[PDB]
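Chain order of the listed sequences is B and A.
Note that the first sequence covers residues 2 to 45, 50 to 156, 165 to 228 in the authors' numbering.
Note that the second sequence covers residues 2 to 44, 50 to 230 in the authors' numbering.
Backbone N, C-alpha and C fix where the C-beta goes; we use that ideal spot for every residue, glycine too.
Below you'll find the structure, written out as structure tokens, and then a few comments.
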Amino acid sequence: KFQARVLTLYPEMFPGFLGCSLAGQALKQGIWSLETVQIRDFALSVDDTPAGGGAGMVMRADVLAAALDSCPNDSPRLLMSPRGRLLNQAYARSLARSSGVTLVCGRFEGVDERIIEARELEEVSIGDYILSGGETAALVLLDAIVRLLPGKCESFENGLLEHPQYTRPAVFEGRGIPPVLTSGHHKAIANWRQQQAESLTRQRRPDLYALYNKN
Amino acid sequence: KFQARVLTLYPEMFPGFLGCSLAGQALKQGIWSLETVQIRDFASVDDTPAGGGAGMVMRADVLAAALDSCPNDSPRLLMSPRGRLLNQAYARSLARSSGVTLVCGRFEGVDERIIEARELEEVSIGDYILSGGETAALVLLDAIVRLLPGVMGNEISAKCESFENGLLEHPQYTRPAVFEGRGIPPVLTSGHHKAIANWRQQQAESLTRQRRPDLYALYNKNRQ
């Protein structure tokens, strides 16, 4: 098994698109399971006014604690957040090797800092943009995990985007597959592919290109 | 009325969660629409990479026909690991268009000639591999739709997030007054707005410095 547990205000978003395609099938076959936990059941509601003022509502430490504490501590506890460490492939690979993951989905403008500390929530961002709630990010994290489950290193992890890619037809709107690729001249092919990739990354992802140069 | 068109092998993944909450509410009041185009209608979709490679490659002609089946009234984006990185600024830009056309790359590789010829701008949501572009498209929609200048709350919203300034958001506190021994920092209760803002900022600086040196470098550039 791979046990996914998601703490959410919207359990009906799960499994969402992960009910479809290969992810759906793996679920139907029990390669992974998904448990949702409705946070609103733990309000003896879930969020309140920010001390010192602010733009939106803050998730209460007490409600969230009770929700976490109803769950076994069987997997790392990850808070979907704009403040998190960034999701990367190394980390997805790292997580697909576990027996499971616990995801907490905030919907508001934040989560009470004292519960982040007290229950060791690791904050995780999927990137520097705002989404409608943590659920969006949870689905994405799960997508990148489930994918790596039984049933290898990405070129960008080396600092390089993928070279341009071609298949048939041999000519589309007067544009032909570059002839070096159909030459059988392996060395020329690899050179060509390298220069295109270097050139593309330098222009479009200088950050990646910088890590390419840092070795 | 914002017009999203999504070219996909899995129309059934849509609207998905965008059907829910306020994104779906906005869908009901017709602030935006979501049309799916099945790529397979323009038949196989993928094929062998010229000069070898790792997977199959999406055919230029199948995607042309799919794109040409509806009008170019919209920026065209291709969901790809090769893309520029999605950020909030970019999201705001698209949110100001009449619509967006999103092509979901599934199999790893899309014929370069179709990217050139239909001017598909490649976009990645981050340096991690997903099951398909469907995943990237949904996230991209999620981030755009909430900025559509029809949605409620939207009118008086902050135009810029703190990470764009190079800082993570300050830590937040709410009731109860004391949780398992910990109080709410007293300055937050002091009625002294300037003091609150300074303290919140110091907390933000110190978190960003440790967790995102990349954002902090940007923070340093700005105040210079």
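Would you call the CB atoms of residue i and residue j closer than 9 Å?
i, j, result
"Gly139 of chain B", "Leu84 of chain B", "yes"
"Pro16 of chain B", "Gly25 of chain B", "yes"
"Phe169 of chain B", "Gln216 of chain B", "no"
"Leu136 of chain A", "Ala5 of chain A", "no"
"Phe43 of chain A", "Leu69 of chain A", "yes"
"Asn160 of chain A", "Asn228 of chain A", "no"
"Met158 of chain A", "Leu28 of chain A", "no"
"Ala123 of chain B", "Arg188 of chain A", "yes"
"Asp220 of chain A", "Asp52 of chain B", "no"
"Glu211 of chain B", "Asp133 of chain A", "no"
"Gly197 of chain B", "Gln30 of chain B", "no"
Considering just the uninterrupted stretch of the beta strand (DSSP E) at residue i, what are its terminal residues?
i, result
"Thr180 of chain B", "Looking at the DSSP string, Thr180 of chain B is not in any beta strand (DSSP E), and its letter there is neither H nor E."
"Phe3 of chain A", "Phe3 to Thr9"
"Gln39 of chain A", "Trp33 to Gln39"
"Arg90 of chain B", "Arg82 to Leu91"
"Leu108 of chain B", "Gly105 to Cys110"
"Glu122 of chain A", "No beta strand (DSSP E) contains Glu122 of chain A, which is instead part of the alpha helix (DSSP H) from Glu118 to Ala123."
"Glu128 of chain B", "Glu127 to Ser130"
Rounded to the nearest angstrom, how far is the Cβ of residue i from that of residue j, given a contact under 8 Å?
i, j, result
"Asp74 of chain B", "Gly105 of chain B", "Contact doesn't hold; Cβ gap of about 17 Å is too wide."
"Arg119 of chain A", "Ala66 of chain A", "5 Å"
"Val63 of chain A", "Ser86 of chain A", "Contact doesn't hold; Cβ gap of about 12 Å is too wide."
"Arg82 of chain A", "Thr107 of chain A", "5 Å"
"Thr9 of chain A", "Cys76 of chain A", "Their Cβ separation, rounded to whole angstroms, is 13 Å, which puts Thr9 of chain A and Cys76 of chain A out of contact at 8 Å."
"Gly61 of chain A", "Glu114 of chain A", "4 Å"
Given that residue i touches chain B, what residues does it touch there, using C-beta distances under 8 Å?
i, result
"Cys21 of chain A", "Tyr11, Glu13 and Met14"
"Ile135 of chain A", "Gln94, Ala97, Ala149, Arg152 and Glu167"
"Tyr179 of chain A", "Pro55, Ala56, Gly57, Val63, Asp117, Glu118 and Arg119"
"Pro81 of chain A", "Simply none; closest approach about 17 Å."
"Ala223 of chain A", "Near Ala223 of chain A there are no residues of chain B at all, since even the closest Cβ is about 11 Å away, more than 8 Å."
Taking Cβ-Cβ distances shorter than 9 Å, what residues in chain A pair up with residue i?
i, result
"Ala60 of chain B", "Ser163 and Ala164"
"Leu144 of chain B", "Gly17, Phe18, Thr141, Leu144 and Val145"
"residue 1 of chain B", "As shown, chain B starts at 2 and ends at 228. That puts residue 1 of chain B outside it, with no answer to give."
"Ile202 of chain B", "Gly57 and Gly58"
Going along the chain, which residues of its own chain have a beta-carbon closer than 6 Å to the beta-carbon of residue i, five neighbours each way excluded?
i, result
"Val145 of chain B", "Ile131"
"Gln39 of chain B", "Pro12"
"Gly89 of chain B", "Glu128, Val129 and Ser130"
"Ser34 of chain A", "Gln4"
"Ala149 of chain A", "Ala97"
"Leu91 of chain A", "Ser130"
"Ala223 of chain A", "none"
The alpha helix (DSSP H) spanning residue i covers which residue range?
i, result
"residue 47 of chain A", "A break in chain A separates 44 from 50, and the residue in question, residue 47 of chain A, sits inside that break with no coordinates."
"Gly61 of chain B", "Per DSSP, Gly61 of chain B belongs to no alpha helix (DSSP H) and is neither H nor E."
"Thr54 of chain A", "Per DSSP, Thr54 of chain A belongs to no alpha helix (DSSP H) and is neither H nor E."
"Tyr96 of chain A", "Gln94 to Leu100"
"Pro219 of chain B", "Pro219 to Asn226"
"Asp79 of chain B", "Counting along the chain, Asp79 of chain B falls outside any alpha helix (DSSP H), and DSSP gives it neither H nor E."
"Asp74 of chain B", "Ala66 to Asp74"
Which residues in chain B sit within 9 Å of residue i, going by Cβ to Cβ distance?
i, result
"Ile40 of chain A", "Within 9 Å Cβ-Cβ: nothing; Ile40 of chain A doesn't reach chain B, min ~14 Å."
Near residue i, what residues of its chain come up, given a Cβ to Cβ distance below 8 Å and the 5 sequence neighbours on each side ignored?
i, result
"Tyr179 of chain B", "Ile190, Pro191 and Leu194"
"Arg98 of chain A", "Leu153 and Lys165"
"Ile121 of chain A", "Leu84 and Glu128"
"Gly59 of chain A", "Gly115"
"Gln209 of chain B", "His176 and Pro177"
"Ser50 of chain B", "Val68"
"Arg41 of chain B", "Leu10 and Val51"
Just the chain B side, please: which residues come within less than 7 Å of residue i by C-beta, in chain order?
i, result
"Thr107 of chain A", "Those within 7 Å of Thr107 of chain A in chain B number zero; the least Cβ separation is about 19 Å."
"residue 49 of chain A", "Since the numbering of chain A jumps from 44 to 50, residue 49 of chain A cannot be located in this structure."
"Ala123 of chain A", "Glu186 and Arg188"
"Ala24 of chain A", "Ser137"
Can you list the residues of chain A that residue i reaches, using a CB-CB cut of under 7 Å?
i, result
"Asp67 of chain B", "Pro182 and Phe185"
"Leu174 of chain B", "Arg88"
"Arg215 of chain B", "Near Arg215 of chain B there are no residues of chain A at all, since even the closest Cβ is about 13 Å away, more than 7 Å."
For a contact meaning CB atoms closer than 8 Å, what does residue i contact in chain A?
i, result
"residue 46 of chain B", "In the structure shown, chain B runs from 45 directly to 50, leaving residue 46 of chain B without coordinates."
"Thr195 of chain B", "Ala56 and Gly57"
Below 7 Å CB to CB, which residues in the same chain sit around residue i once its five sequence neighbours on both sides are set aside?
i, result
"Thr37 of chain B", "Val7, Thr9, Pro12 and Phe15"
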